[PDB]
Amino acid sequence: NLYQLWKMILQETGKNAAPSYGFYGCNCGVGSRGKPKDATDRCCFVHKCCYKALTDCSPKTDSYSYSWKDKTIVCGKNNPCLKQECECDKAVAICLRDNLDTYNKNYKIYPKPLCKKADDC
């Protein structure tokens, strides 16, 4: 669910996901995909594409189980759709964390409607 996604992002990046990534670039947080403004944004493009595989579960409201080991995310015992979902969230939290020397506070709150239309997943 959203709570788990947000917790992972906080755990991996050290930032609160709502203010820091809820409106970032053309892809992070609210709204649809768009042509990515940078690497942080790209993590979010891939993540929204990853959510396209969730045929029988809602990434927003369906809870999955995962553990947060010594700085490590491990997706738990889940049904197949929730497995996919957790792995989507895990990959975005690790991806965001990974490009943190490129995060652009200018993109934090982006005029998403002006974005170039997104390529096909």
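The first residue of the shown sequence is 1; numbering continues from there.
Legend entry - Stretch with the higher entry mean CA B-factor, where the candidates are 18-26 and 98-106: The stretch with the larger average C-alpha B-factor is 98-106.
Inset, instruction - Tell me, lowest, middle or highest third: where does the Cα B factor of residue 80 rank within its chain? - result: Ranked within chain, residue 80 CA B lands in the lowest tercile.
Inset, instruction - Could you say whether, by C-alpha temperature factor, residue 64 belongs to the lowest, middle or highest third of its chain? - result: Bottom third by C-alpha B-factor.
Inset, instruction - Sorting the chain's modelled residues by C-alpha B-factor, tell me whether residue 90 ends up in the lowest, middle or highest third. - result: Bottom third by C-alpha B-factor.
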